[PDB]
Structure formats: structure tokens, C-alpha cells
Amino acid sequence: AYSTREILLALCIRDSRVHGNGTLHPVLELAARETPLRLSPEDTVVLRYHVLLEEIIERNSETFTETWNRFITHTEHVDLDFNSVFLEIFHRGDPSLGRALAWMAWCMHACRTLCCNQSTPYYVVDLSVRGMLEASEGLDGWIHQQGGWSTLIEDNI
């Protein structure tokens, strides 16, 4: 019964805890307060997904770099634009585990890029994290049909 927004936000926080200073961008603090996040970033389910998503990022390293750079340098309304990417992945055929993980990994990679670049304006980090979290709510129906995030990792991946 953890929502996709909770699990993505926990993954992003964990990813921050293990990159650079291990410090959290103010935006991730805000998102935790407002969601509100009830899942620990050190929860085993989060550590396990974090490894799967890092594997997907590494395997598709350049494609993730390129797609994110094209996205962020072309958008005029960052949060809205996350929604467009989301719908084109998940309403173009049935959702699948792979597509769900590909999306989550892309989001976590975007958040990592934004938070590691000290020059990134606050508003770009803020609207991107809000955008990814809001768009990701669209996975809740399908993942519930799979018994939730915890079932999928423990039993299917």
C-alpha cells in the first residue's frame, strides 16, 4: 500500500544519500513533507529497487543522458512536460514491469543529475521533482493490480 509517488521519492532520497555529500536538496525535503512520505529510504524494498534502477541506468547510460539533456533544454514548463512523456509510455499498449522500471529509472537519473549540478537553478530542480512525482501517480492502478511494489520485487523480479 505504498504509492508510486512514495516509492519514487524514497528512491530519489536514497540515491541522494549515496551520491556526493549525501545531503538532500531542499526540494526533496519539501516533497517528503507534502506527499507525505511514509516509506523509509533505508527500507529494504527501497534498497532493492535502487539496485535494479541503477542497473537500468548503467545499461542505458548514454540514452538516459541524451534523453534527459534533450528534455530539460527544450522544455518551457518542466512539470507539465513530465506528464506527456509518462502518457506516451503507458497508454501506448498495456503497462509492463519493464516499462514501469524504465520510467522510474529515468526519473531517478533525472533527479540525480539535477541535484548533483550545483549550478542548477532551484526552480528547475523543484518543478522536475514535482513533475516526476505527480506524473508517476498514473502507475498506481496498474501496480496495485500486481499486488503492489513490495510484491513485485520480493516475488517477480
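Residue numbers here begin at 1 and follow the sequence given. In this text, rigid core is short for the largest set of C-alphas that superpose within 1.5 Å between two forms.
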Higher-deviation segment by CA RMS in 5 other deposited structures of this protein, core fitted, 37 to 45 or 84 to 92: 84 to 92
Higher-deviation stretch (C-alpha RMS, rigid core fit) in 5 other deposited structures of this protein, choosing from 22 to 30 and 119 to 127: 22 to 30
Selected stretch [higher average CA B-factor]: 41 to 49 or 102 to 110: 41 to 49
Of 9 to 17 and 141 to 149, the one with larger mean CA B-factor: 141 to 149
Deposited CA B-factor, highest of 116, 124, 32, 56: 116
Chain-wide C-alpha B factor ranking for residue 26, given as lowest, middle or highest third: middle
Modelled-residue ranking by C-alpha temperature factor, third containing residue 130: lowest
Cα B factor band for residue 76 (lowest, middle or highest third within the chain): highest
Third of the chain, ranked by Cα B-factor, where residue 66 sits: middle
